[PDB]
Participant: 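First the structure, then my questions, so here it is.
First the proteins, then the strands, lettered A, B, ... as listed; each starts at 1.
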Amino acid sequence: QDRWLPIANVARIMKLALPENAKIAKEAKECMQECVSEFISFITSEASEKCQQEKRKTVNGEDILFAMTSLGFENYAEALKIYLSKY
Amino acid sequence: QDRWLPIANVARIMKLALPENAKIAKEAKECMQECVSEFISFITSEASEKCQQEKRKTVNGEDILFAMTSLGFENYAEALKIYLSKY
Amino acid sequence: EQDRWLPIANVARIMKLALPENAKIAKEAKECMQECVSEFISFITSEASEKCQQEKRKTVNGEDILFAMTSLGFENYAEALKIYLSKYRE
Amino acid sequence: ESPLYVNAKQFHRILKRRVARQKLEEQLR
Amino acid sequence: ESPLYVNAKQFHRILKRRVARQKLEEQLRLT
Amino acid sequence: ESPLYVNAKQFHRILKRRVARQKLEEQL
Amino acid sequence: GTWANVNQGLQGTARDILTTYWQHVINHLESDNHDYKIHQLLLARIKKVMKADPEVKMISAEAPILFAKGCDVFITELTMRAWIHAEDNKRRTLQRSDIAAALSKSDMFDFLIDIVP
Amino acid sequence: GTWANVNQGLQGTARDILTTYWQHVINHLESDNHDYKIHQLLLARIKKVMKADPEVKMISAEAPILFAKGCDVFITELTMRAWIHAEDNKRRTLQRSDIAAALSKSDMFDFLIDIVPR
Amino acid sequence: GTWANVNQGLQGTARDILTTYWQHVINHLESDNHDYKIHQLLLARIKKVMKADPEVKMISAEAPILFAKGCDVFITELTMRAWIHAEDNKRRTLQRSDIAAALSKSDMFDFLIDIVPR
DNA sequence: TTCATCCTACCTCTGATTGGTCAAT
DNA sequence: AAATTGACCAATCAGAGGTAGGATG
Ligand SMILES: [Cl-]
Ligand SMILES: [Cl-]
């Protein structure tokens, strides 16, 4: 289970994404769960390799933003940079 | 409060009375608690008045049974009679 | 036997007092702390014990515990309890 | 909804429990 | 259905995640 | 995970407690 | 006569089942090896219900022990009577209206008309 | 170029709405008063996904917080991209095939080719 | 120096709170009217822990009294050190892993390497 | 084709159960 | 001090009701 984000939180965000009338198939929720969980694992694997090769043990915010840029999530990296500078 | 038996014990007896897959509404548990608590208070009050009228201070097993018989719980009196004589 | 551990109710009471009044403690946290503080005793006592055998003495005393505490890098514990031990004897 | 005659073995004890429950509630408050 | 070239920024990390994912399955079925 | 050098004041007493702990566990 | 209350107001298989439940209760009470130390917390609380009545003074140890057994039977038989009404509405969750419906089948339950109006 | 992914693969009304949704996200992150509040159970679950990778040793407290927010945006965008295919088929129920269809429109999602075969 | 262990591995507010805890412990041990009469069962159990070592022969009445006091300080400072990790993870329940995390911040706790594997 | 109205099957979301710690005994 | 059990909180799961999507004419 530790591979996947919990499904209830995923289903809540999807419901807010959709019009009031909309239903979501159980299959659709499970799929979205696997997708967002790979999104984390994917970016984190990139960030983690760069840390190991620069002899740092701590994966920090800049490592996640740098990895998003590398992997072609530039819109995510720039939008979230603003969020991180306030932290 | 002193008026009511604790609800966990009541809920446990109810769960054992129902099929293994049955659910019990909170309101059903709370209702059964009030019922069984009055069952005690009702029989006890009849036993307690007979004691006062016959100037006795202690209420004993045979008074509970005599009160159950007079109040129309005859099955409860006759079944528990057998139990009292073993005690 | 299993006399290797302090009783857990005393450990959990001291822990409860260390935390904000509305904190909770997991059973496994209490058990962990119980083993930690019991090795704290065994670890120090073993050092104090060896020195006693090497100086041919039979009794382990208060000075021996404090000396073992400084030896093992529990200097703050030895210095704070020094004050306490002096008062015990006067 | 509300019947005049109930169990003949219980009626008198029901009336008394109504009185005893009212007292408890007024002594509670 | 399955293409030879994918997003050039992502392709290598994809090959590595295929390996890292295989090794998670090796342990789960073992244990 | 398992370091070569630990606290210099404690190392030798740690080694000795590992021996003493196995022997206590030998009774069972 | 003495067992009229066992199946009063029940028809069909419910009748046989409540009857068989009482037979099972009676055989149990007829057994020779009773353990008369039910939890001190439950017997303490039974006694506190009895002592809420100002008229009550002293209570025999015998009395709470009779009510412990009696209250187990009462809850069991009323729950089983109430389940009938949940099964008829094709429900798996027992509701308050199932206890109310059950009470209305037998005048043994008339003492509860203010508790469950 | 760094906003290319916002509408890559979308046509007509869908382009405007996903663009507007991204303007909404950026306005939100630019605001001055952030909680940075994560539920304990979500925080422990993000760390556990990251930690499943043996190469990951220690994680900063700010990393799970970035992912909390990024995963909100990822779910919403993809759900909104998926819904288009549900509307096209005049359906009220979003299905797995709507997500599959959404993934195929942008190469940003190539990383998911083994998670959703299509 | 002597008090290095009070603060070893702690940062920010935790550092002042553990130092203030130790100043409170020292004020208490410096007070002139101690009661050395601690419960028969706790001192029976302390002696039994000491006596579990075959190398120990006879134990002074002083030794168990030093440990009763020392163990209260040990438990308190480690629980307070472990609570920091509970707060960092937005939790109000202390877990075993909060204790493990606290042991890793100071080499004073190296003696517990086999009691709490980490 | 476009309705009218069933039925069947799935999803929703309230509310019941579960898991685990405190408090009382 | 240790074990047992009720109460309670937060997190999860299940079922009772609601809506979709299909069948028929
Ligand atoms: Cl019995
Ligand atoms: Cl925020």
Participant: Nearest whole Å is fine: how far is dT14(J) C1' from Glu27(B) CD?
Facilitator: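 Value for this atom pair: 13 Å.
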
Participant: Taking the minimum atom-to-atom distance to the side chain of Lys30(C), which one of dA11(K), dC11(J), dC22(J) wins?
Facilitator: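 The answer is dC22(J), which lies nearest to the side chain.
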
Participant: So which nucleotide from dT21(J), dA11(K), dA1(K) ends up closest to the side chain of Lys27(C)?
Facilitator: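 Selected nucleotide: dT21(J).
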
Participant: Considering heavy-atom distances to DNA chain K, does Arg92(G) or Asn21(A) have its closest nucleotide positioned more toward the 5' end?
Facilitator: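 Final value for this comparison: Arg92(G).
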
Participant: Do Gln95(I) and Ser97(I) get their side chains close enough for a donor-acceptor pair, meaning under 3.5 Å?
Facilitator: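 Side-chain D/A pair, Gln95(I) to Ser97(I): present.
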
Participant: Kindly check the sign of the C1'-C2'-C3'-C4' torsion at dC8(K) and name the resulting pucker, north or south.
Facilitator: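 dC8(K) falls in the south pucker range.
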
Participant: Ignoring the backbone of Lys24(C), work out which of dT21(J), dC13(J), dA1(K) is nearest its side chain.
Facilitator: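 Comparing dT21(J), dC13(J), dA1(K) against the side chain of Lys24(C), the answer is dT21(J).
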
Participant: Hey, which sits more toward the 5' end of DNA chain K by its nearest nucleotide, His39(I) or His39(H)?
Facilitator: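 Whichever sits nearer the 5' end wins; that is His39(I).
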
Participant: Whole Å only: how far is the NZ atom of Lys48(G) from the P atom of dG6(K)?
Facilitator: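 To the nearest whole Å, that distance equals 14 Å.
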
Participant: Dump the intermediate steps for side chain to side chain contact (heavy atoms under 4.5 Å, CB included) on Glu62(H) and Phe67(H), then the final yes or no.
Facilitator: CA-CA 9 Å; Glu62(H) 67 201 354; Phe67(H) 274 126; over 6 Å; no

Participant: Please check the phosphate of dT21(J) (OP1 and OP2 only) for any side-chain N or O of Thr93(I) closer than 4.0 Å.
Facilitator: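 Answer no for this pair, as no side-chain N or O of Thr93(I) is under 4.0 Å from OP1 or OP2.
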
Participant: Need one value for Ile24(B): base, sugar-phosphate or nothing, where a base atom within 4.0 Å counts as base even if backbone is also close, heavy atoms only.
Facilitator: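 The answer is sugar-phosphate, as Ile24(B) gets under 4.0 Å only of primed atoms, P, OP1 or OP2.
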
Participant: Between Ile8(C) (CD1) and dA2(K) (P), how many Å, whole number?
Facilitator: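 Atom CD1 in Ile8(C) sits about 8 Å away from atom P in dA2(K).
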
Participant: Just how far, in rounded Å, is P of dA16(K) from CD of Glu87(G)?
Facilitator: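 One finds 13 Å between P of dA16(K) and CD of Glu87(G), rounded.
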
Participant: Just how far, in rounded Å, is P of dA7(K) from CG of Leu5(B)?
Facilitator: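 Atom CG in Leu5(B) sits about 10 Å away from atom P in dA7(K).
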
Participant: Looking at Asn22(C), I'd like to know if its CG atom is crowded, meaning that more than 12 non-hydrogen atoms belonging to other residues, nucleotides or ligands lie closer than 6.0 Å.
Facilitator: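 For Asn22(C), atom CG is crowded (more than 12 foreign heavy atoms under 6.0 Å).
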
Participant: If the test is side-chain hydrogen bond (donor to acceptor under 3.5 Å, both in side chains), which one of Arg91(I), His85(I), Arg81(I) qualifies with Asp98(I)?
Facilitator: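 Only match with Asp98(I) under side-chain hydrogen bond (donor to acceptor under 3.5 Å, both in side chains): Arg91(I).
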
Participant: Would you kindly compare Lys16(C) and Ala25(A) by the position of their nearest DNA chain J nucleotide and give the one closer to the 5′ end?
Facilitator: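 Closest to the 5' end, via its nearest nucleotide, is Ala25(A).
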
Participant: Parallel, tilted or perpendicular: which describes the rings of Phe39(B) and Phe74(G), with under 30° parallel and over 60° perpendicular?
Facilitator: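 Parallel.
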
Participant: Atom CG of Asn9(B) to atom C1' of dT25(J): distance rounded to whole Å?
Facilitator: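 So the two atoms are 14 Å apart, to the nearest Å.
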
Participant: Rounded to the Å, how far apart are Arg91(G) CZ and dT14(J) P?
Facilitator: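 These atoms are roughly 20 Å apart.
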
Participant: Just checking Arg12(B): base, sugar-phosphate only, or nothing, at a heavy-atom cut-off of under 4.0 Å?
Facilitator: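 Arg12(B): backbone/sugar contact only, no base atoms under 4.0 Å.
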
Participant: Could you state the atom-to-atom distance from CD of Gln40(G) to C1' of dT5(K) in whole Å?
Facilitator: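 Computing the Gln40(G):CD to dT5(K):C1' distance gives 12 Å.
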
